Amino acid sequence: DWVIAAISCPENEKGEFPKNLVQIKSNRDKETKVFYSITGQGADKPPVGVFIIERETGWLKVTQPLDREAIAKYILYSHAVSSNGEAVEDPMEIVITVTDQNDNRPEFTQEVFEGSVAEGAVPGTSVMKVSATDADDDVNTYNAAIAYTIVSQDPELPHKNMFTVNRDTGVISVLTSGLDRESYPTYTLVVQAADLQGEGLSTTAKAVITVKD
């Protein structure tokens, strides 16, 4: 049997609802009056009534904005019943797919990441890793594509930029010489993760680095 494998709808649509999706009918409507209905989660099962079909015209519609991160795909079936009460078609599968918008900020997996480094470590020495996740669609968009940056370093001594971060991996490394346990044993870095390859929604966390012998 034929299936409508996808009718796409972006999440978070604005403007007037309901919105038309597609009109389906039985070509047996030349024989009898036919009445249309739909079943499935999103139709008669929870979330009830997100999708409706006009009983006489067969216009399938969506009645509220969708949310890809809650339900990304709805599987419905359309039904066609004559006025005398006989189903005149085998029910047809109709799938609604929800496309992504950038509506989730990245989140670091920890509020505070801890790491340590030997004071004599040569510039370039990898110290620790910070990590973030993003609930948006990393398959089809850059809405979940995170760039890591360092926002600040406390203290700014002996130099303001003792460390750097790999923009893609979140690995933090020694950038310059001068680390010294006896002068400054601890650094607090504010790190940022931002989606849209660093241009989008952002969040911060801390990396606390202990300088060892």
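One-based numbering along the sequence shown.
- When the C-alpha B-factors of 146 to 154 and 33 to 41 are averaged, 146 to 154 comes out higher.
- When the mean C-alpha temperature factors of 90 to 98 and 111 to 119 are read from the deposited coordinates, 111 to 119 comes out higher.
- Going by the entry's values, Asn140 shows the largest Cα B-factor out of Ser82, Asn104, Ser78, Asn140.
- Based on the entry's C-alpha B-factors, the most elevated value among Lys61, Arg68, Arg28, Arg55 belongs to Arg28.
- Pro185: CA B factor lies in the highest third for its chain, per the PDB record.
- When all modelled residues of the chain are sorted by CA temperature factor, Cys9 is found within the middle third.
- In the PDB entry, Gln192 places in the middle third of its chain by CA B-factor.
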